[PDB]
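Raw contents of coords_25.csv, CSV, C-alpha atoms and all ligand atoms:
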chain,number,residue,atom,x,y,z
A,47,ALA,CA,80.8,146.5,20.3
A,48,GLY,CA,78.7,147.6,18.4
A,49,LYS,CA,77.1,149.5,15.0
A,50,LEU,CA,77.2,153.3,15.2
A,51,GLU,CA,80.4,154.9,16.5
A,52,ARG,CA,81.6,157.8,14.3
A,53,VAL,CA,79.4,160.3,12.5
A,54,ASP,CA,79.8,163.7,10.8
A,55,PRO,CA,78.5,166.5,13.0
A,56,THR,CA,78.2,168.9,10.1
A,57,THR,CA,75.9,166.7,8.0
A,58,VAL,CA,74.1,164.8,10.8
A,59,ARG,CA,71.0,167.0,10.3
A,60,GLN,CA,70.7,166.5,6.6
A,61,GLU,CA,72.1,163.2,5.7
A,62,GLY,CA,71.7,159.8,7.5
A,63,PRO,CA,69.6,158.2,10.2
A,64,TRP,CA,69.2,161.4,12.3
A,65,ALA,CA,68.3,163.6,9.3
A,66,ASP,CA,64.7,162.7,9.1
A,67,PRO,CA,63.0,162.8,12.5
A,68,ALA,CA,59.9,161.1,11.2
A,69,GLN,CA,62.1,158.0,10.8
A,70,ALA,CA,63.8,158.2,14.2
A,71,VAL,CA,62.3,154.9,15.4
A,72,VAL,CA,63.4,151.9,13.4
A,73,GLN,CA,62.5,148.3,14.2
A,74,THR,CA,65.8,146.4,14.2
A,75,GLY,CA,64.7,143.1,15.6
A,76,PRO,CA,61.6,141.0,16.4
A,77,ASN,CA,61.3,142.8,19.7
A,78,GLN,CA,63.8,145.6,19.3
A,79,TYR,CA,63.7,149.2,18.2
A,80,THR,CA,66.6,151.5,17.4
A,81,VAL,CA,65.9,155.1,18.2
A,82,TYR,CA,68.1,157.8,16.6
A,83,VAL,CA,68.1,160.7,19.0
A,84,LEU,CA,69.7,164.1,18.3
A,85,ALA,CA,70.7,166.0,21.4
A,86,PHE,CA,71.2,169.7,20.4
A,87,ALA,CA,71.0,173.1,22.0
A,88,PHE,CA,68.5,173.0,23.5
A,89,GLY,CA,66.4,169.9,23.2
A,90,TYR,CA,66.0,166.4,21.8
A,91,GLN,CA,64.7,165.0,18.6
A,92,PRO,CA,62.4,163.3,18.2
A,93,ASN,CA,60.1,164.7,21.0
A,94,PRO,CA,58.4,162.7,22.1
A,95,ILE,CA,60.2,159.4,21.6
A,96,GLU,CA,57.4,156.8,21.5
A,97,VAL,CA,58.2,153.2,22.2
A,98,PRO,CA,56.4,150.0,23.3
A,99,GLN,CA,56.8,148.5,26.8
A,100,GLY,CA,58.8,145.3,26.9
A,101,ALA,CA,60.8,145.9,23.7
A,102,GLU,CA,64.5,146.3,23.8
A,103,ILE,CA,65.3,149.9,22.9
A,104,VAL,CA,68.6,150.8,21.4
A,105,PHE,CA,69.2,154.5,21.7
A,106,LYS,CA,71.7,156.0,19.3
A,107,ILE,CA,72.5,159.5,20.4
A,108,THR,CA,74.7,162.2,18.9
A,109,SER,CA,75.0,166.0,18.9
A,110,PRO,CA,75.3,168.4,16.0
A,111,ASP,CA,76.7,171.2,18.2
A,112,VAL,CA,78.2,170.8,21.7
A,113,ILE,CA,78.5,168.1,24.3
A,114,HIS,CA,75.2,167.1,26.0
A,115,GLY,CA,73.9,164.7,28.5
A,116,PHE,CA,71.2,162.1,28.0
A,117,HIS,CA,69.6,161.1,31.2
A,118,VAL,CA,66.2,159.4,31.5
A,119,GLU,CA,64.6,160.3,34.8
A,120,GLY,CA,63.7,157.2,36.9
A,121,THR,CA,66.2,155.0,35.2
A,122,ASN,CA,69.9,154.1,35.0
A,123,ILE,CA,70.1,155.7,31.6
A,124,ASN,CA,72.9,158.2,31.9
A,125,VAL,CA,75.2,159.0,29.0
A,126,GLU,CA,77.5,161.7,27.6
A,127,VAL,CA,76.6,162.9,24.1
A,128,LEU,CA,79.6,164.1,22.1
A,129,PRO,CA,79.5,165.8,18.7
A,130,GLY,CA,80.8,163.5,16.0
A,131,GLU,CA,80.3,160.5,18.2
A,132,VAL,CA,77.4,158.1,18.6
A,133,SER,CA,76.4,157.1,22.2
A,134,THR,CA,74.6,153.7,22.3
A,135,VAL,CA,72.5,152.8,25.3
A,136,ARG,CA,70.2,149.8,25.5
A,137,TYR,CA,67.1,149.6,27.7
A,138,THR,CA,63.9,147.7,28.1
A,139,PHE,CA,61.1,149.8,29.6
A,140,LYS,CA,58.8,147.6,31.7
A,141,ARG,CA,56.3,150.1,32.9
A,142,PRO,CA,54.2,152.3,30.6
A,143,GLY,CA,54.2,156.1,31.2
A,144,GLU,CA,55.9,159.3,30.5
A,145,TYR,CA,59.6,159.6,31.3
A,146,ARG,CA,61.5,162.8,31.2
A,147,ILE,CA,64.9,163.2,29.5
A,148,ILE,CA,67.3,165.7,31.0
A,149,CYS,CA,70.7,167.1,30.1
A,150,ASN,CA,73.3,166.8,32.8
A,151,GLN,CA,76.2,168.3,30.8
A,152,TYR,CA,76.3,172.1,30.9
A,153,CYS,CA,75.8,173.1,27.3
A,154,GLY,CA,75.1,176.8,27.4
A,155,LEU,CA,72.4,179.2,28.6
A,156,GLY,CA,69.5,176.9,27.7
A,157,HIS,CA,70.9,174.0,29.7
A,158,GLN,CA,68.3,174.2,32.4
A,159,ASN,CA,65.3,174.0,30.1
A,160,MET,CA,66.8,171.3,27.9
A,161,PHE,CA,64.3,168.4,28.3
A,162,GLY,CA,62.9,165.6,26.3
A,163,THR,CA,60.1,163.1,26.7
A,164,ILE,CA,59.8,159.3,26.1
A,165,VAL,CA,56.3,157.8,26.1
A,166,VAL,CA,56.3,154.1,26.9
A,167,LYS,CA,53.0,152.7,25.5
A,168,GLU,CA,51.1,149.7,26.8
B,1,LIG,CU1,72.4,170.0,26.7
B,1,LIG,CU2,72.9,170.9,29.0
B,2,ZN,ZN,67.8,161.1,37.6
Could you quickly redo this structure as structure tokens?
Amino acid sequence: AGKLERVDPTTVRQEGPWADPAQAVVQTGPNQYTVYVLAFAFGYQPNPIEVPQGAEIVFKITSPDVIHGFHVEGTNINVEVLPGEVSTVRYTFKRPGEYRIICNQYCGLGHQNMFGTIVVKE
């Protein structure tokens, strides 16, 4: 369906799975990692996102401020990030390297330079 759906935008940064960025990547299965991503103006947390190749990655993305976009360059990952809502996208990276995350939802003056990075390890 699935897990995360609704969240509180006012406390997302201090209580819960997105509050501590050191803990953003959580193993949730024998070959599966959940990554709690905060899309905010203007950037992504954590940065970089580090994940192993071949593992199913479950991205859980929300915003503490306005609507953003979460698009990973070179992939079909393309989702809307709404405040108060959790966007869930599942993906298995099968090539190591650095991927760029870009915002494709105009979110204010820093929109252009709102970028993130995912490093897929070997
Ligand atoms: Cu975030 Cu545009
Ligand atoms: Zn693209």
Next on the checklist: Around ligand LIG 1 (chain B), which protein and nucleic acid residues have at least one atom no more than 8 Å from it, if we count only C-alpha atoms and all ligand atoms? List them as number ranges by chain.
Outcome noted: A: 85-89, 112-115, 148-154, 156-158, 160
Item to check | Sphere at (62.1, 164.2, 20.4), radius 9 Å, counting only C-alpha atoms: residues as a ChimeraX atom specification | outcome: /A:67,70,83-85,89-96,162-164
Now that the selection is made, can you save its residues with C-alpha atoms as a CSV table (one decimal), in the frame of the given file?
chain,number,residue,atom,x,y,z
A,67,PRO,CA,63.0,162.8,12.5
A,70,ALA,CA,63.8,158.2,14.2
A,83,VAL,CA,68.1,160.7,19.0
A,84,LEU,CA,69.7,164.1,18.3
A,85,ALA,CA,70.7,166.0,21.4
A,89,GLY,CA,66.4,169.9,23.2
A,90,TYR,CA,66.0,166.4,21.8
A,91,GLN,CA,64.7,165.0,18.6
A,92,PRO,CA,62.4,163.3,18.2
A,93,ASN,CA,60.1,164.7,21.0
A,94,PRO,CA,58.4,162.7,22.1
A,95,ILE,CA,60.2,159.4,21.6
A,96,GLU,CA,57.4,156.8,21.5
A,162,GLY,CA,62.9,165.6,26.3
A,163,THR,CA,60.1,163.1,26.7
A,164,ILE,CA,59.8,159.3,26.1
Next on the checklist: Would you compute the distance between atom CA of residue 142 of chain A and atom CA of residue 166 of chain A? Give it in Å to one decimal.
Outcome noted: 4.6 Å
Per-residue nearest contacts chain A to ligand ZN 2 (chain B), cut-off 7 Å, using all atoms listed in the file, as a tab-separated table:
residue	atom	partner	partner_atom	distance
A:117	CA	B:ZN2	ZN	6.6
A:118	CA	B:ZN2	ZN	6.5
A:119	CA	B:ZN2	ZN	4.3
A:120	CA	B:ZN2	ZN	5.7
A:121	CA	B:ZN2	ZN	6.7
Those same residues, written as a PDB file, keeping the file's coordinate frame with C-alpha atoms?
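Contents of again-v2.pdb, freshly written:
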ATOM      1  CA  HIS A 117      69.600 161.100  31.200  1.00  0.00           C
ATOM      2  CA  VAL A 118      66.200 159.400  31.500  1.00  0.00           C
ATOM      3  CA  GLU A 119      64.600 160.300  34.800  1.00  0.00           C
ATOM      4  CA  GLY A 120      63.700 157.200  36.900  1.00  0.00           C
ATOM      5  CA  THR A 121      66.200 155.000  35.200  1.00  0.00           C
TER       6      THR A 121
END
Checklist entry - Contacts of residue 107 of chain A at 12 Å or less, counting all atoms listed in the file, minus same-chain residues fewer than 2 places along, as a ChimeraX atom specification? => result /A:50-53,55,58,63-64,70,80-86,90-92,104-105,109-110,113-117,124-136
Could those selected residues go to a file with C-alpha atoms, as an mmCIF file, keeping the file's coordinate frame?
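What ended up in again22.cif:
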data_model
loop_
_atom_site.group_PDB
_atom_site.id
_atom_site.type_symbol
_atom_site.label_atom_id
_atom_site.label_comp_id
_atom_site.auth_asym_id
_atom_site.auth_seq_id
_atom_site.Cartn_x
_atom_site.Cartn_y
_atom_site.Cartn_z
ATOM 1 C CA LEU A 50 77.200 153.300 15.200
ATOM 2 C CA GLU A 51 80.400 154.900 16.500
ATOM 3 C CA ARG A 52 81.600 157.800 14.300
ATOM 4 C CA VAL A 53 79.400 160.300 12.500
ATOM 5 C CA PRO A 55 78.500 166.500 13.000
ATOM 6 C CA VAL A 58 74.100 164.800 10.800
ATOM 7 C CA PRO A 63 69.600 158.200 10.200
ATOM 8 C CA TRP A 64 69.200 161.400 12.300
ATOM 9 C CA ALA A 70 63.800 158.200 14.200
ATOM 10 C CA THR A 80 66.600 151.500 17.400
ATOM 11 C CA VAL A 81 65.900 155.100 18.200
ATOM 12 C CA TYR A 82 68.100 157.800 16.600
ATOM 13 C CA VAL A 83 68.100 160.700 19.000
ATOM 14 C CA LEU A 84 69.700 164.100 18.300
ATOM 15 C CA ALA A 85 70.700 166.000 21.400
ATOM 16 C CA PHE A 86 71.200 169.700 20.400
ATOM 17 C CA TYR A 90 66.000 166.400 21.800
ATOM 18 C CA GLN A 91 64.700 165.000 18.600
ATOM 19 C CA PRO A 92 62.400 163.300 18.200
ATOM 20 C CA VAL A 104 68.600 150.800 21.400
ATOM 21 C CA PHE A 105 69.200 154.500 21.700
ATOM 22 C CA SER A 109 75.000 166.000 18.900
ATOM 23 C CA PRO A 110 75.300 168.400 16.000
ATOM 24 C CA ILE A 113 78.500 168.100 24.300
ATOM 25 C CA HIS A 114 75.200 167.100 26.000
ATOM 26 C CA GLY A 115 73.900 164.700 28.500
ATOM 27 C CA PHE A 116 71.200 162.100 28.000
ATOM 28 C CA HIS A 117 69.600 161.100 31.200
ATOM 29 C CA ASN A 124 72.900 158.200 31.900
ATOM 30 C CA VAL A 125 75.200 159.000 29.000
ATOM 31 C CA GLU A 126 77.500 161.700 27.600
ATOM 32 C CA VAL A 127 76.600 162.900 24.100
ATOM 33 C CA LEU A 128 79.600 164.100 22.100
ATOM 34 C CA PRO A 129 79.500 165.800 18.700
ATOM 35 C CA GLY A 130 80.800 163.500 16.000
ATOM 36 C CA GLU A 131 80.300 160.500 18.200
ATOM 37 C CA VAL A 132 77.400 158.100 18.600
ATOM 38 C CA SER A 133 76.400 157.100 22.200
ATOM 39 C CA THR A 134 74.600 153.700 22.300
ATOM 40 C CA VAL A 135 72.500 152.800 25.300
ATOM 41 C CA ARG A 136 70.200 149.800 25.500
#
Item to check | Interatomic distance (Å, one decimal) between atom CA of residue 79 of chain A and atom CA of residue 102 of chain A | outcome: 6.4 Å
Next on the checklist: What does the structure give for the distance between atom CA of residue 101 of chain A and atom CA of residue 138 of chain A, in Å to one decimal?
Outcome noted: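 Calculated distance between atom CA of residue 101 of chain A and atom CA of residue 138 of chain A is 5.7 Å.
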Could you give me the centre and size, in Å to one decimal, of an axis-aligned box around all listed atoms of segment 50-64 of chain A with 8 Å added on every side, as JSON?
{"center_x": 75.4, "center_y": 161.1, "center_z": 11.1, "size_x": 28.4, "size_y": 31.6, "size_z": 26.8}
Checklist entry - Which of these residues is nearest to residue 167 of chain A, using all atoms listed in the file: A:97, A:72, A:123, A:103? => result A:97
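Residue nearest residue 137 of chain A within the list A:65, A:100, A:71, A:57: A:100 [criterion: smallest interatomic distance, all atoms listed in the file].
Minimum atom-to-atom distance to residue 159 of chain A, evaluated using only C-alpha atoms, belongs to A:146 out of A:106, A:146, A:141, A:49.
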As a JSON list (two decimals), keeping the file's coordinate frame, the rebuilt segment 55-80 of chain A with N, CA, C and O atoms:
[["chain", "number", "residue", "atom", "x", "y", "z"],
["A", 55, "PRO", "N", 79.37, 165.50, 12.34],
["A", 55, "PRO", "CA", 78.50, 166.50, 13.00],
["A", 55, "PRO", "C", 77.97, 167.55, 12.07],
["A", 55, "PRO", "O", 76.92, 168.12, 12.39],
["A", 56, "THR", "N", 78.65, 167.83, 10.96],
["A", 56, "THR", "CA", 78.20, 168.90, 10.10],
["A", 56, "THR", "C", 77.07, 168.45, 9.17],
["A", 56, "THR", "O", 76.25, 169.25, 8.71],
["A", 57, "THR", "N", 76.99, 167.15, 8.90],
["A", 57, "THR", "CA", 75.90, 166.70, 8.00],
["A", 57, "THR", "C", 74.83, 165.90, 8.74],
["A", 57, "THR", "O", 73.80, 165.58, 8.13],
["A", 58, "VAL", "N", 75.05, 165.54, 10.00],
["A", 58, "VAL", "CA", 74.10, 164.80, 10.80],
["A", 58, "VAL", "C", 72.64, 165.21, 10.65],
["A", 58, "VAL", "O", 71.72, 164.38, 10.79],
["A", 59, "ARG", "N", 72.36, 166.48, 10.41],
["A", 59, "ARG", "CA", 71.00, 167.00, 10.30],
["A", 59, "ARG", "C", 70.41, 166.88, 8.92],
["A", 59, "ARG", "O", 69.21, 167.10, 8.71],
["A", 60, "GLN", "N", 71.24, 166.55, 7.93],
["A", 60, "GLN", "CA", 70.70, 166.50, 6.60],
["A", 60, "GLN", "C", 70.93, 165.23, 5.86],
["A", 60, "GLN", "O", 70.23, 164.95, 4.88],
["A", 61, "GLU", "N", 71.91, 164.44, 6.30],
["A", 61, "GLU", "CA", 72.10, 163.20, 5.70],
["A", 61, "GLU", "C", 72.24, 162.05, 6.69],
["A", 61, "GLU", "O", 72.98, 162.20, 7.66],
["A", 62, "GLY", "N", 71.54, 160.93, 6.52],
["A", 62, "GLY", "CA", 71.70, 159.80, 7.50],
["A", 62, "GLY", "C", 70.56, 159.66, 8.43],
["A", 62, "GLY", "O", 69.56, 160.36, 8.33],
["A", 63, "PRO", "N", 70.71, 158.71, 9.35],
["A", 63, "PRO", "CA", 69.60, 158.20, 10.20],
["A", 63, "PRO", "C", 68.99, 159.23, 11.12],
["A", 63, "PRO", "O", 67.84, 159.06, 11.54],
["A", 64, "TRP", "N", 69.70, 160.30, 11.47],
["A", 64, "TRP", "CA", 69.20, 161.40, 12.30],
["A", 64, "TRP", "C", 68.64, 162.53, 11.43],
["A", 64, "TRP", "O", 68.11, 163.50, 11.99],
["A", 65, "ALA", "N", 68.76, 162.45, 10.10],
["A", 65, "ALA", "CA", 68.30, 163.60, 9.30],
["A", 65, "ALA", "C", 66.83, 163.73, 9.25],
["A", 65, "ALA", "O", 66.31, 164.85, 9.29],
["A", 66, "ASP", "N", 66.12, 162.60, 9.13],
["A", 66, "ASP", "CA", 64.70, 162.70, 9.10],
["A", 66, "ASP", "C", 64.01, 162.25, 10.36],
["A", 66, "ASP", "O", 63.90, 161.04, 10.57],
["A", 67, "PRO", "N", 63.54, 163.16, 11.20],
["A", 67, "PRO", "CA", 63.00, 162.80, 12.50],
["A", 67, "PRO", "C", 61.74, 161.96, 12.47],
["A", 67, "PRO", "O", 61.37, 161.30, 13.46],
["A", 68, "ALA", "N", 61.04, 161.95, 11.33],
["A", 68, "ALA", "CA", 59.90, 161.10, 11.20],
["A", 68, "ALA", "C", 60.37, 159.60, 11.29],
["A", 68, "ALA", "O", 59.63, 158.68, 11.63],
["A", 69, "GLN", "N", 61.63, 159.40, 10.92],
["A", 69, "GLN", "CA", 62.10, 158.00, 10.80],
["A", 69, "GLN", "C", 63.03, 157.70, 11.98],
["A", 69, "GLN", "O", 63.90, 156.83, 11.86],
["A", 70, "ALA", "N", 62.84, 158.39, 13.10],
["A", 70, "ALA", "CA", 63.80, 158.20, 14.20],
["A", 70, "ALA", "C", 63.70, 156.81, 14.81],
["A", 70, "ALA", "O", 64.74, 156.30, 15.23],
["A", 71, "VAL", "N", 62.48, 156.26, 14.87],
["A", 71, "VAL", "CA", 62.30, 154.90, 15.40],
["A", 71, "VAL", "C", 62.24, 153.87, 14.31],
["A", 71, "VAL", "O", 61.38, 153.90, 13.45],
["A", 72, "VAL", "N", 63.20, 152.96, 14.34],
["A", 72, "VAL", "CA", 63.40, 151.90, 13.40],
["A", 72, "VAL", "C", 63.38, 150.55, 14.03],
["A", 72, "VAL", "O", 64.19, 150.29, 14.91],
["A", 73, "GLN", "N", 62.49, 149.64, 13.63],
["A", 73, "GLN", "CA", 62.50, 148.30, 14.20],
["A", 73, "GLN", "C", 63.76, 147.60, 13.65],
["A", 73, "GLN", "O", 63.95, 147.53, 12.43],
["A", 74, "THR", "N", 64.58, 147.06, 14.52],
["A", 74, "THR", "CA", 65.80, 146.40, 14.20],
["A", 74, "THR", "C", 65.89, 144.98, 14.66],
["A", 74, "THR", "O", 66.92, 144.30, 14.51],
["A", 75, "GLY", "N", 64.78, 144.48, 15.21],
["A", 75, "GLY", "CA", 64.70, 143.10, 15.60],
["A", 75, "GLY", "C", 63.28, 142.69, 15.96],
["A", 75, "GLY", "O", 62.45, 143.59, 16.08],
["A", 76, "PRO", "N", 62.95, 141.41, 16.10],
["A", 76, "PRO", "CA", 61.60, 141.00, 16.40],
["A", 76, "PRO", "C", 60.96, 141.74, 17.56],
["A", 76, "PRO", "O", 59.78, 142.07, 17.59],
["A", 77, "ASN", "N", 61.76, 142.04, 18.57],
["A", 77, "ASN", "CA", 61.30, 142.80, 19.70],
["A", 77, "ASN", "C", 62.26, 143.90, 20.08],
["A", 77, "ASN", "O", 62.61, 144.11, 21.24],
["A", 78, "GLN", "N", 62.74, 144.62, 19.06],
["A", 78, "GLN", "CA", 63.80, 145.60, 19.30],
["A", 78, "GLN", "C", 63.64, 146.80, 18.40],
["A", 78, "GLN", "O", 63.37, 146.65, 17.20],
["A", 79, "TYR", "N", 63.78, 148.00, 18.94],
["A", 79, "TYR", "CA", 63.70, 149.20, 18.20],
["A", 79, "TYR", "C", 64.94, 150.05, 18.37],
["A", 79, "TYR", "O", 65.41, 150.16, 19.49],
["A", 80, "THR", "N", 65.46, 150.58, 17.26],
["A", 80, "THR", "CA", 66.60, 151.50, 17.40],
["A", 80, "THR", "C", 65.95, 152.90, 17.32],
["A", 80, "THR", "O", 65.07, 153.17, 16.48]]
